[PDB]
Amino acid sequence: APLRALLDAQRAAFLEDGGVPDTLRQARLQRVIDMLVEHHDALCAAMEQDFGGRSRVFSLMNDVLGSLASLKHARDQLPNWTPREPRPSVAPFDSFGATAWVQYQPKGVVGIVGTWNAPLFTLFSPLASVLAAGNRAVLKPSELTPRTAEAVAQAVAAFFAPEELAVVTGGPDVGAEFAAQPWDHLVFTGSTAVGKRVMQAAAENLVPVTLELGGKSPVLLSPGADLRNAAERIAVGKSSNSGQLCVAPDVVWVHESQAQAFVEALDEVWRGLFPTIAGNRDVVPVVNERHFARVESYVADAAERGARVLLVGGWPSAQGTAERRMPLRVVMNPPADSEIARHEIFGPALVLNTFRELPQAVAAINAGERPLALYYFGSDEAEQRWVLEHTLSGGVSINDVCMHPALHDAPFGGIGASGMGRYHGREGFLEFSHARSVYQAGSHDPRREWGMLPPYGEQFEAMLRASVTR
């Protein structure tokens, strides 16, 4: 009842809104920016405590500045997106004055369900597109970052009336009720398995959904790639948030003859990034004991099944285990029925699979679900093109990892099991708009003269038949 009452109040205000001018959308976006600028110290502290020691430097980059960048881009660019677009109209009536256009209008009240790994970005980066399109919104921060959820709730209550932007906090019971409301559009970031249940819940009210989901993002290492450079970039991206990123490298494909050299370079880079693991505040802990036991169970299962497990970047210790801070474990060619071959790792472990011929790796990728991200390292344009043409992933980075979601003017989203829909840029503006085609009649209707109206003319029928051509 209280959640529905909030949706109804936003909807009542929207139906009185009518048109939502550019400058009102920009003012709303500016208000969100001003709120984050005012509250970012409290927000970084909350994120740190929620993880049990997540670096405020990483939070500032990933969640605070990442969100601010999305919001500013939408603020500054949306005047280019709102104008209507004239289109050719229906021939031959356009020869008599008929015209046409597409106009974009907000859908109304959008719900946004965030996740815990980037608990501001997964709320405020989709919000930037949602507000640019002229909607009102309700945010549901993750209960796995409850200090952050509460700081976001207090901050929005201080800056916004609830009819314009509101926050709902609570456990997964609240989230479930959230997903069942008749929104005009629902955005969800989270696991593939939960995304299915979100879509089932949305189906009850025909709510369109943006689902940003998961998978095992592969890296393809060209047999001709600079292995030392690839190891550096992959180490930086994989160690970010201790692998707790939706686009983190999950499986690396490397030529058999280059596996050892790659792991050695990966280890050297990682030890230079993290000279200690236990007690190192730069190492992001696994968010909680549940997810720590999850990741560790994949590693232990792989070892029991006979896969070789390598330590990269340090040694485990009692204290690191207690802090949920770990070096990278690399699992070589795990069996297809092992847990780590079948689940998203989302943590400090990595699968390293070897190949003889790069099409062998592409075939394995294609036999699995389509990942949110796919990566290719190399310098052979023909090979790069072949890999992309014969795969499908949500997005791609070439000669780096984890970079394409930071593109403001390109869509960010999945495909297949990694999700549907997108946000960011003009594509994200379109996602939360209805594209409304309009035909406008001309002055003179020639149908009656031409015999096109019943009782139908024989000449008209003759002309219809002469129009059936290749």
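Throughout, we count residues from 1 along the sequence that is shown.
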415-423 set against 44-52, stretch whose average Cα temperature factor tops the other in the entry:
44-52
Check the entry's C-alpha temperature factors for 158-166 and 98-106, then say which stretch has the higher mean.
158-166
For the C-alpha B-factor as written in the entry, point me to the maximum among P371, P126, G306, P208.
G306
Can you tell me which of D184, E177, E212, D400 has the maximum CA B-factor listed in the PDB entry?
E177
Within this chain, which third does the Cα B-factor at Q30 fall in: lowest, middle or highest?
middle
Third of chain Cα B-factors occupied by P334:
highest
For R136, the third of its chain by CA B-factor is the lowest
Which third, lowest, middle or highest, does the C-alpha temperature factor of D380 belong to within its own chain?
highest
Quick check on the deposited entry: does the C-alpha B-factor of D250 sit in the lowest, middle or highest third of its chain?
lowest
